[PDB]
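Content type compact mmCIF, N, CA and C atoms and all ligand atoms, from the file upload-v7.txt:
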# COMPACT_ATOMS: atom_id res chain seq x y z
N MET Q 1 83.98 104.51 81.33
CA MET Q 1 84.16 105.25 82.62
C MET Q 1 85.18 104.52 83.50
N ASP Q 2 85.93 103.62 82.94
CA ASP Q 2 86.95 102.88 83.74
C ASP Q 2 88.31 102.95 83.06
N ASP Q 3 88.43 102.39 81.89
CA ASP Q 3 89.74 102.42 81.17
C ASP Q 3 90.82 101.72 82.00
N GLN Q 4 92.04 102.18 81.91
CA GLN Q 4 93.14 101.54 82.68
C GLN Q 4 92.97 101.82 84.18
N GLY Q 5 92.03 102.66 84.54
CA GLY Q 5 91.83 102.96 85.98
C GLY Q 5 92.83 104.03 86.42
N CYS Q 6 92.40 104.99 87.19
CA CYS Q 6 93.31 106.07 87.66
C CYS Q 6 94.76 105.57 87.86
N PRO Q 7 95.67 106.52 87.87
CA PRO Q 7 97.09 106.23 88.10
C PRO Q 7 97.42 106.26 89.61
N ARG Q 8 97.33 107.41 90.24
CA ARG Q 8 97.64 107.51 91.70
C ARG Q 8 96.71 106.60 92.51
N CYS Q 9 95.46 106.96 92.61
CA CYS Q 9 94.48 106.11 93.37
C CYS Q 9 93.78 105.14 92.42
N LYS Q 10 94.52 104.48 91.56
CA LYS Q 10 93.88 103.57 90.55
C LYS Q 10 92.65 102.87 91.15
N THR Q 11 91.48 103.44 90.95
CA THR Q 11 90.28 102.79 91.53
C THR Q 11 88.99 103.52 91.13
N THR Q 12 88.99 104.81 91.18
CA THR Q 12 87.75 105.57 90.88
C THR Q 12 87.01 105.11 89.60
N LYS Q 13 87.02 105.90 88.55
CA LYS Q 13 86.26 105.55 87.30
C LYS Q 13 86.06 104.03 87.11
N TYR Q 14 87.03 103.22 87.44
CA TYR Q 14 86.81 101.76 87.26
C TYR Q 14 85.78 101.30 88.31
N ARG Q 15 85.95 101.74 89.53
CA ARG Q 15 84.96 101.41 90.59
C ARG Q 15 83.86 102.47 90.58
N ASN Q 16 84.27 103.71 90.68
CA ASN Q 16 83.31 104.85 90.67
C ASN Q 16 82.81 105.11 89.24
N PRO Q 17 81.53 105.03 89.05
CA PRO Q 17 80.95 105.27 87.72
C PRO Q 17 80.42 106.71 87.60
N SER Q 18 81.13 107.67 88.14
CA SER Q 18 80.63 109.08 88.05
C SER Q 18 81.75 110.07 88.37
N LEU Q 19 82.85 110.02 87.67
CA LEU Q 19 83.96 110.98 87.96
C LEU Q 19 84.59 111.51 86.66
N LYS Q 20 85.88 111.72 86.67
CA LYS Q 20 86.57 112.21 85.44
C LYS Q 20 88.06 112.40 85.74
N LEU Q 21 88.88 112.41 84.72
CA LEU Q 21 90.35 112.56 84.95
C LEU Q 21 90.83 113.93 84.43
N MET Q 22 91.66 114.61 85.18
CA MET Q 22 92.14 115.94 84.70
C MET Q 22 93.59 115.84 84.23
N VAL Q 23 93.89 116.43 83.10
CA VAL Q 23 95.28 116.39 82.57
C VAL Q 23 96.06 117.61 83.09
N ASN Q 24 97.35 117.61 82.94
CA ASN Q 24 98.15 118.77 83.44
C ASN Q 24 99.09 119.30 82.35
N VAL Q 25 99.79 120.37 82.65
CA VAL Q 25 100.72 120.99 81.66
C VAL Q 25 101.37 119.94 80.74
N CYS Q 26 102.32 119.17 81.23
CA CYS Q 26 102.96 118.15 80.34
C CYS Q 26 101.90 117.41 79.53
N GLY Q 27 100.69 117.37 80.02
CA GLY Q 27 99.60 116.68 79.28
C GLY Q 27 99.65 115.18 79.59
N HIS Q 28 99.16 114.79 80.74
CA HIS Q 28 99.19 113.35 81.08
C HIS Q 28 97.81 112.88 81.57
N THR Q 29 97.59 112.79 82.86
CA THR Q 29 96.25 112.33 83.34
C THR Q 29 96.20 112.31 84.87
N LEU Q 30 95.15 112.82 85.43
CA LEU Q 30 94.99 112.83 86.92
C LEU Q 30 93.53 112.56 87.26
N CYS Q 31 93.19 111.33 87.53
CA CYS Q 31 91.77 111.01 87.83
C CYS Q 31 91.18 112.03 88.79
N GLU Q 32 89.91 111.94 89.00
CA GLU Q 32 89.25 112.89 89.95
C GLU Q 32 89.82 112.66 91.36
N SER Q 33 89.99 111.43 91.74
CA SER Q 33 90.54 111.11 93.08
C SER Q 33 92.04 111.46 93.16
N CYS Q 34 92.68 111.81 92.07
CA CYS Q 34 94.13 112.15 92.17
C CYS Q 34 94.27 113.60 92.61
N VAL Q 35 93.73 114.51 91.85
CA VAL Q 35 93.82 115.95 92.22
C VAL Q 35 93.55 116.09 93.72
N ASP Q 36 92.82 115.17 94.29
CA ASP Q 36 92.52 115.26 95.75
C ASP Q 36 93.72 114.77 96.59
N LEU Q 37 94.27 113.62 96.28
CA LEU Q 37 95.43 113.12 97.09
C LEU Q 37 96.76 113.64 96.54
N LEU Q 38 96.80 114.00 95.29
CA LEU Q 38 98.07 114.51 94.69
C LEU Q 38 98.48 115.84 95.33
N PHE Q 39 97.54 116.73 95.51
CA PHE Q 39 97.86 118.07 96.08
C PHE Q 39 97.79 118.08 97.60
N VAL Q 40 96.80 117.46 98.17
CA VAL Q 40 96.71 117.46 99.66
C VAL Q 40 97.99 116.88 100.26
N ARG Q 41 98.77 116.20 99.46
CA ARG Q 41 100.03 115.60 99.99
C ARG Q 41 101.26 116.26 99.35
N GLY Q 42 101.07 117.23 98.49
CA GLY Q 42 102.26 117.88 97.86
C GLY Q 42 101.83 118.96 96.86
N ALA Q 43 101.04 118.62 95.88
CA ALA Q 43 100.61 119.64 94.87
C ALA Q 43 101.83 120.13 94.08
N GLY Q 44 101.93 119.75 92.84
CA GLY Q 44 103.09 120.19 92.02
C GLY Q 44 103.89 118.97 91.56
N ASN Q 45 103.24 117.87 91.34
CA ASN Q 45 103.96 116.65 90.89
C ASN Q 45 103.06 115.78 90.01
N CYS Q 46 103.27 115.80 88.72
CA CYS Q 46 102.42 114.97 87.81
C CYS Q 46 102.21 113.59 88.41
N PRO Q 47 101.04 113.07 88.19
CA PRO Q 47 100.69 111.71 88.69
C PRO Q 47 101.55 110.64 88.02
N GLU Q 48 102.34 111.01 87.05
CA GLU Q 48 103.19 109.98 86.38
C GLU Q 48 104.59 110.51 86.04
N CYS Q 49 104.72 111.57 85.28
CA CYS Q 49 106.10 112.07 84.95
C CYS Q 49 106.57 113.08 86.00
N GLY Q 50 105.91 113.11 87.12
CA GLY Q 50 106.30 114.04 88.22
C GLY Q 50 106.77 115.40 87.68
N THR Q 51 106.33 115.80 86.51
CA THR Q 51 106.77 117.13 86.00
C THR Q 51 106.50 118.19 87.07
N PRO Q 52 107.39 119.13 87.16
CA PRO Q 52 107.25 120.21 88.17
C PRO Q 52 106.09 121.14 87.79
N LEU Q 53 104.88 120.73 88.04
CA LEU Q 53 103.71 121.59 87.69
C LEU Q 53 103.95 123.01 88.21
N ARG Q 54 104.08 123.96 87.32
CA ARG Q 54 104.31 125.37 87.76
C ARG Q 54 103.40 125.72 88.94
N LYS Q 55 102.29 125.05 89.07
CA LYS Q 55 101.36 125.35 90.19
C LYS Q 55 100.05 124.59 89.98
N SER Q 56 99.98 123.38 90.45
CA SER Q 56 98.74 122.58 90.28
C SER Q 56 98.42 122.41 88.78
N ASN Q 57 97.26 122.85 88.35
CA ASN Q 57 96.87 122.71 86.91
C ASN Q 57 96.37 121.28 86.62
N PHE Q 58 95.08 121.11 86.52
CA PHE Q 58 94.49 119.77 86.22
C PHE Q 58 93.13 119.98 85.55
N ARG Q 59 93.09 119.84 84.25
CA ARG Q 59 91.80 120.05 83.51
C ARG Q 59 91.02 118.74 83.43
N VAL Q 60 90.00 118.61 84.24
CA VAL Q 60 89.19 117.35 84.25
C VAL Q 60 88.05 117.39 83.23
N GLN Q 61 87.62 116.23 82.81
CA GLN Q 61 86.51 116.14 81.82
C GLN Q 61 86.22 114.67 81.53
N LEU Q 62 85.16 114.39 80.83
CA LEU Q 62 84.83 112.97 80.52
C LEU Q 62 83.61 112.89 79.59
N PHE Q 63 82.63 113.72 79.83
CA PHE Q 63 81.41 113.69 78.96
C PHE Q 63 81.82 113.76 77.49
N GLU Q 64 82.43 114.84 77.07
CA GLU Q 64 82.84 114.96 75.65
C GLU Q 64 81.62 114.86 74.73
N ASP Q 65 81.01 115.97 74.43
CA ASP Q 65 79.81 115.94 73.54
C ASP Q 65 79.49 117.35 73.03
ZN ZN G 1 93.61 108.89 91.13
ZN ZN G 2 103.27 114.52 83.24

Rewrite the structure of this file - the entire thing - as structure tokens.
Ligand SMILES: [Zn+2]
Ligand SMILES: [Zn+2]
Amino acid sequence: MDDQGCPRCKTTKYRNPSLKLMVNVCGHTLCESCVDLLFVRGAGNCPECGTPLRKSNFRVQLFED
């Protein structure tokens, strides 16, 4: 539930033991705390390759079972 730790707000899953990361079109990674600060401040910019997200798009998950 931690791994390398979120990219934008690198802190959640590593500190927070109850979240998940959502991937986007290009297929990268957006922790739960990212989709919150990534869009509230712009929305449409991958947390890493800044790909021009046609419009948000973040599939979160973690359980896997
Ligand atoms: Zn984050
Ligand atoms: Zn990307």

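For chain Q, a DSSP pass over the backbone yields strand (DSSP E) at residues 21, 22, 23, 30, 31, 59, 60 and 61 of chain Q.
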
Exercise answer, 7 Å around ligand ZN 2 (chain G) with all atoms listed in the file, as a PDB file with N, CA and C atoms, keeping the file's coordinate frame:
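For reference, selection_3.pdb as written:
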ATOM      1  N   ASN Q  24      97.350 117.610  82.940  1.00  0.00           N
ATOM      2  CA  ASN Q  24      98.150 118.770  83.440  1.00  0.00           C
ATOM      3  C   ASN Q  24      99.090 119.300  82.350  1.00  0.00           C
ATOM      4  N   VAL Q  25      99.790 120.370  82.650  1.00  0.00           N
ATOM      5  CA  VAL Q  25     100.720 120.990  81.660  1.00  0.00           C
ATOM      6  C   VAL Q  25     101.370 119.940  80.740  1.00  0.00           C
ATOM      7  N   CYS Q  26     102.320 119.170  81.230  1.00  0.00           N
ATOM      8  CA  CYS Q  26     102.960 118.150  80.340  1.00  0.00           C
ATOM      9  C   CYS Q  26     101.900 117.410  79.530  1.00  0.00           C
ATOM     10  N   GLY Q  27     100.690 117.370  80.020  1.00  0.00           N
ATOM     11  CA  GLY Q  27      99.600 116.680  79.280  1.00  0.00           C
ATOM     12  C   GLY Q  27      99.650 115.180  79.590  1.00  0.00           C
ATOM     13  N   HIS Q  28      99.160 114.790  80.740  1.00  0.00           N
ATOM     14  CA  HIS Q  28      99.190 113.350  81.080  1.00  0.00           C
ATOM     15  C   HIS Q  28      97.810 112.880  81.570  1.00  0.00           C
ATOM     16  N   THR Q  29      97.590 112.790  82.860  1.00  0.00           N
ATOM     17  CA  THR Q  29      96.250 112.330  83.340  1.00  0.00           C
ATOM     18  C   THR Q  29      96.200 112.310  84.870  1.00  0.00           C
ATOM     19  N   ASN Q  45     103.240 117.870  91.340  1.00  0.00           N
ATOM     20  CA  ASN Q  45     103.960 116.650  90.890  1.00  0.00           C
ATOM     21  C   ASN Q  45     103.060 115.780  90.010  1.00  0.00           C
ATOM     22  N   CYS Q  46     103.270 115.800  88.720  1.00  0.00           N
ATOM     23  CA  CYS Q  46     102.420 114.970  87.810  1.00  0.00           C
ATOM     24  C   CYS Q  46     102.210 113.590  88.410  1.00  0.00           C
ATOM     25  N   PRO Q  47     101.040 113.070  88.190  1.00  0.00           N
ATOM     26  CA  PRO Q  47     100.690 111.710  88.690  1.00  0.00           C
ATOM     27  C   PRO Q  47     101.550 110.640  88.020  1.00  0.00           C
ATOM     28  N   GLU Q  48     102.340 111.010  87.050  1.00  0.00           N
ATOM     29  CA  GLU Q  48     103.190 109.980  86.380  1.00  0.00           C
ATOM     30  C   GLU Q  48     104.590 110.510  86.040  1.00  0.00           C
ATOM     31  N   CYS Q  49     104.720 111.570  85.280  1.00  0.00           N
ATOM     32  CA  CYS Q  49     106.100 112.070  84.950  1.00  0.00           C
ATOM     33  C   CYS Q  49     106.570 113.080  86.000  1.00  0.00           C
ATOM     34  N   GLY Q  50     105.910 113.110  87.120  1.00  0.00           N
ATOM     35  CA  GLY Q  50     106.300 114.040  88.220  1.00  0.00           C
ATOM     36  C   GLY Q  50     106.770 115.400  87.680  1.00  0.00           C
ATOM     37  N   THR Q  51     106.330 115.800  86.510  1.00  0.00           N
ATOM     38  CA  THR Q  51     106.770 117.130  86.000  1.00  0.00           C
ATOM     39  C   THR Q  51     106.500 118.190  87.070  1.00  0.00           C
TER      40      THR Q  51
END

Sel. of helix (DSSP H, G or I) residues, chain Q, as a PyMOL selection string: chain Q and resi 12-15+32-40

How would you report the residues lying within 6 Å of ligand ZN 1 (chain G), as a PDB file with N, CA and C atoms, in the coordinates of the input, if you count only C-alpha atoms and all ligand atoms?
ATOM      1  N   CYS Q   6      92.400 104.990  87.190  1.00  0.00           N
ATOM      2  CA  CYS Q   6      93.310 106.070  87.660  1.00  0.00           C
ATOM      3  C   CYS Q   6      94.760 105.570  87.860  1.00  0.00           C
ATOM      4  N   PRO Q   7      95.670 106.520  87.870  1.00  0.00           N
ATOM      5  CA  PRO Q   7      97.090 106.230  88.100  1.00  0.00           C
ATOM      6  C   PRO Q   7      97.420 106.260  89.610  1.00  0.00           C
ATOM      7  N   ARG Q   8      97.330 107.410  90.240  1.00  0.00           N
ATOM      8  CA  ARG Q   8      97.640 107.510  91.700  1.00  0.00           C
ATOM      9  C   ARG Q   8      96.710 106.600  92.510  1.00  0.00           C
ATOM     10  N   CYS Q   9      95.460 106.960  92.610  1.00  0.00           N
ATOM     11  CA  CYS Q   9      94.480 106.110  93.370  1.00  0.00           C
ATOM     12  C   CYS Q   9      93.780 105.140  92.420  1.00  0.00           C
ATOM     13  N   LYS Q  10      94.520 104.480  91.560  1.00  0.00           N
ATOM     14  CA  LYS Q  10      93.880 103.570  90.550  1.00  0.00           C
ATOM     15  C   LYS Q  10      92.650 102.870  91.150  1.00  0.00           C
ATOM     16  N   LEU Q  30      95.150 112.820  85.430  1.00  0.00           N
ATOM     17  CA  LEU Q  30      94.990 112.830  86.920  1.00  0.00           C
ATOM     18  C   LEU Q  30      93.530 112.560  87.260  1.00  0.00           C
ATOM     19  N   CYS Q  31      93.190 111.330  87.530  1.00  0.00           N
ATOM     20  CA  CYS Q  31      91.770 111.010  87.830  1.00  0.00           C
ATOM     21  C   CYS Q  31      91.180 112.030  88.790  1.00  0.00           C
ATOM     22  N   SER Q  33      89.990 111.430  91.740  1.00  0.00           N
ATOM     23  CA  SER Q  33      90.540 111.110  93.080  1.00  0.00           C
ATOM     24  C   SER Q  33      92.040 111.460  93.160  1.00  0.00           C
ATOM     25  N   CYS Q  34      92.680 111.810  92.070  1.00  0.00           N
ATOM     26  CA  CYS Q  34      94.130 112.150  92.170  1.00  0.00           C
ATOM     27  C   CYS Q  34      94.270 113.600  92.610  1.00  0.00           C
TER      28      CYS Q  34
END

Which distance in Å separates atom N of residue 17 (chain Q) and atom N of residue 3 (chain Q), to one decimal? 10.3 Å

In Å, with one decimal, what is the gap from CA of residue 44 (chain Q) to CA of residue 12 (chain Q)?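 A separation of 21.2 Å between them.
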
For residue 36 (chain Q), which residue out of Q:63, Q:58, Q:2, Q:52 is the nearest one, using only C-alpha atoms?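 When distances to residue 36 (chain Q) are compared using only C-alpha atoms, the smallest one comes from Q:58.
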
From Q:32, Q:13, Q:41, Q:23, residue lying nearest residue 56 (chain Q) [only N, CA and C atoms]: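 Comparing Q:32, Q:13, Q:41, Q:23 against residue 56 (chain Q), the winner is Q:23.
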
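For the atom pair formed by CA of residue 64 (chain Q) and atom N of residue 35 (chain Q), the distance is 19.5 Å, given to one decimal.
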
Restricting the calculation to only N, CA and C atoms: of Q:42, Q:37, Q:19, Q:5, which residue gets closest to residue 62 (chain Q)?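 Closest residue, counting only N, CA and C atoms: Q:19.
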
Return the padded bounding box of region 22-31 of chain Q as JSON: axis-aligned, built from all atoms listed in the file, 5 Å added on each side, with centre and edge lengths in Å to one decimal.
{"center_x": 97.1, "center_y": 116.0, "center_z": 84.0, "size_x": 21.8, "size_y": 20.0, "size_z": 19.5}

Distance criterion (only C-alpha atoms): nearest to residue 39 (chain Q) out of Q:21, Q:57, Q:1, Q:14: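 That would be Q:57, the residue with the smallest distance to residue 39 (chain Q).
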